[PDB]
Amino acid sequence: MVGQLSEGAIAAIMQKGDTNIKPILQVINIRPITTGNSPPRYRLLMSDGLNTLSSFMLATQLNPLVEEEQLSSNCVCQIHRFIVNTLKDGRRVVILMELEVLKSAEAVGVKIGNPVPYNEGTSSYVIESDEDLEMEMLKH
């Protein structure tokens, strides 16, 4: 149900920098990032039911949630503490510092609603994720 998500949280985060709103978001996709020999970091495409936004990153202390598959595509999360940063190239990113998984992916089962990208950066993420899946699927 879309109504159980924090409608408008993505727009408020991006345009006003709201950090106190404890948003309830669905994880749409997780992109592991493996730089050099370093342990992975996880970038997230998240949905508030209306929009998706791809500029989320998990703080390192939340990495075990992804490894344990507690935090996986289609689960629903309540974010407790997050910070907004503008990178040196102007891109606005959101670091998730503390959260709770409210519903596992299997309980939700699938993507909630039909959210659309909040910006071109997010549509570029969606394109690359679509590319990944296409390359992935060797057998038909």
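Residue positions are given as counts along the sequence shown, with the first one as 1.
Taking the mean C-alpha B-factor of each stretch as recorded, 19-27 and 116-124 are not equal, and the higher mean is that of 19-27. Comparing 63-71 with 77-85, the higher mean C-alpha B-factor in the PDB entry belongs to 63-71. Taking only the listed residues 99, 50, 110, 95, the entry reports the highest CA temperature factor at 110.
Per-chain ranking of the deposited C-alpha B factor places residue 104 in the highest third.
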